[PDB]
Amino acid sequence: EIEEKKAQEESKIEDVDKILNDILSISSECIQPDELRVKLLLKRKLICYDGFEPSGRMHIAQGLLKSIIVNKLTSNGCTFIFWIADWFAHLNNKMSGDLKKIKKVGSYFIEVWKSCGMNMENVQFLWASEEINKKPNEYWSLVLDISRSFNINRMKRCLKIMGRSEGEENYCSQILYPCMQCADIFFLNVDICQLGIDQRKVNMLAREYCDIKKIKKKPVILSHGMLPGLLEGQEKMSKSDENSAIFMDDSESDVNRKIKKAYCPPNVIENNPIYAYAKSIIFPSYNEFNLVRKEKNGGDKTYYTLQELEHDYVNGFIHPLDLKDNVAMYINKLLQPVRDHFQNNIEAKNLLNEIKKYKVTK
């Protein structure tokens, strides 16, 4: 009974190390893998979350890239919260600060995520407005206590989380908003903040708040990297950077048109967004990269690892046009279930029609 106990304990540590190692694989940065390892030792599921301003069409980093990450976590003992940050978009002047339009876009985001090929068993969609107003004393008390703990300058270091900067006129809303986002982490009892690296400053503020308050339960920051825009030098795909985005409602022709003229330098993967889509979206989705091409250009070839793919790209074995053509085809295939849903479901088709009539305000 000492050797089966030993074999019971060994098998558990190997499981955790493998669970940790590929939870880390979706990530650009983890603020303490050792703390993540610790948290995966709990019997319970770990609460993870990301949050979204409903501010316009959804681009493929928020749908396609997101679902890969969420699927990895929910198949590894996590629960995942999508926080529909409607009050936040309103505070940040989005959708002309019209909350009815914001909530329409939020419903649209949920329709997208539900047809994204995410396993939904351990996924929840929570609306900021609804949840804050279920427990408004607890929530605003937290907001106020966070505001007392940090000075203004420190909080202005979080402007990037709302797409703002010191350069513009800074409204007091830009102090309230990061206090609220920080409060959300505690309000939602999050174990893992799982947002893009542009949100990291307010996730670090939350850890700092823990030290200030002598809270030992600190959230782990599991940041994912920025999916780049189509054009050279666009580090971040977004509605804000013109011509940078493929959207979740783009048609098969739109995707083909956008990929064709995207930046894809020969022999180079640094700052190459076509390669980035291959590496961050297609390869995790398919677990191989199957490069299809004409016999004239070398026929088809399957890449079973990312190193294989990189090697053949930098040495000119893969021409840019072959890389672009396959990336377009795989993005189109990954968007097929979303397209089907908005063609076959007339309520959802309606809703997409309504939200596309809106004006994208900043």
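Numbers follow the displayed sequence, beginning with 1.
Across the other entries compared, at least a third leave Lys239 without coordinates even though the residues on each side are present. Stretches 50 to 58 and 29 to 37 differ in mean CA B factor, with 29 to 37 having the higher one. Per-stretch averaging of Cα B factors for 5 to 13 and 350 to 358 places 5 to 13 on top.
The entry assigns its greatest Cα B factor, within the set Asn92, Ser223, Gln124, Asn243, to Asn243. If you compare the C-alpha temperature factors of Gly167, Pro136, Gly233, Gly106 in the entry, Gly167 comes out highest. Remark: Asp98 belongs to the middle third of its chain, ranked by C-alpha B-factor as recorded. Placement of the Cα temperature factor of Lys301 within the chain: highest third of the modelled residues, per the deposited record. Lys258: CA B factor lies in the middle third for its chain, per the PDB record. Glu288: CA B factor in the middle third of modelled residues in this chain (values from the PDB entry). Per-chain ranking of the deposited C-alpha B factor places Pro219 in the middle third.
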